[PDB]
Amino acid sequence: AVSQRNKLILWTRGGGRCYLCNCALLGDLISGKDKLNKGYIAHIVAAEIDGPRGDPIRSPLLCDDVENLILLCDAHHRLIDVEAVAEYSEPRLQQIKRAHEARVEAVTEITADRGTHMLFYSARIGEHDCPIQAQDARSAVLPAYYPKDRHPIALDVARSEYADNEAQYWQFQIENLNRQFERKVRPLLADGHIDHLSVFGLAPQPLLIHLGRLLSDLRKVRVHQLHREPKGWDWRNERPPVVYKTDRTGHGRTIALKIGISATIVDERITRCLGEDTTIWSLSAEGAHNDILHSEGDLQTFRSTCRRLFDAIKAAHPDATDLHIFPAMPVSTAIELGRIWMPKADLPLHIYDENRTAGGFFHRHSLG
């Protein structure tokens, strides 16, 4: 008889399907319908010397050799053993066997990769009080991804002797994010060992938008959000979906977009900063607060909503100079704004940041 191990090997290699018609044999095996041929195993060289394609030497030599076995439903076992023996010689059955098993392996191999690389963008990476820590990141990617390497790729929000309201800070942080990406990320992407990137960013919104721009050409990226109670970076999905809705005020030719997702922004702060002659488009979340981005669906609906608004804005204003962005966005949406921006389909973006020391909005960074 055929060993249980050879049965397992052949059924795995054969995908549990008839090698001539591909029909599914597992359900019948479980049902015990394999009374004529246990396990639906067919011998190419018959185990019996007097059988179809039998041989006095090779029949006993091959009766428990998996390289001599195929799976057949009862009908097609009868076809190669009784009705059409001459049609199905050892080489022809052997070639159907290789081809069936090669095909099965190739299709079960095709699937998205689960392994991911963590990318951190934050101040104080590697220090005791860093708000993104490797053990919290490695847990947060499960179970949708698993860490392919234990250690994150570290992009530093580098320590600086300039404050958020001095231009000096923004030039230093932008060029330093640029050097950093071009130094530790690009060579690993070029090299091809990274197939999925899990992103954990905590930085001023203009820098997070630039990070998103740097990630825009990548195919496998999952952005994470810092959640607030309990603190952590794992996606949750426990609340009703965030409701976003778009609007506009004014009719000047300076096009602005305020994005009030974690907070509200009144139109005054934009007109006080831009001209009085403005059009202020709006992307708002109902109940805007800094813990509003709860679930990945919330992030996807932001991406698609923001995409629709970007199209609508350029369609409504075919005389484009730029678009002036005024954000109050969770870190995950700020990265995704930069990631979905299309360098030559969208308007160029001028990103404003609230000077929290004294005074309102100031232009700190641009895309395009």
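Don't overthink the numbering: it's just position in the shown sequence, from 1.
- If you average the C-alpha B-factors over 231-239 and over 69-77, the higher value belongs to 231-239.
- 6-14 and 341-349 differ in mean CA B-factor, and the higher of the two is recorded for 341-349.
- As recorded in the entry, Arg183 carries the highest CA temperature factor of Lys148, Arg183, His100, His210.
- Ranking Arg138, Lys258, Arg222, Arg253 by Cα temperature factor from the entry places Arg253 first.
- Placement of the Cα temperature factor of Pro327 within the chain: lowest third of the modelled residues, per the deposited record.
- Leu293: CA B factor lies in the middle third for its chain, per the PDB record.
- In the PDB entry, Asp34 places in the highest third of its chain by CA B-factor.
- In the deposited entry, the Cα temperature factor of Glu90 places it in the middle third of its chain's modelled residues.
- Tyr162: CA B factor lies in the highest third for its chain, per the PDB record.
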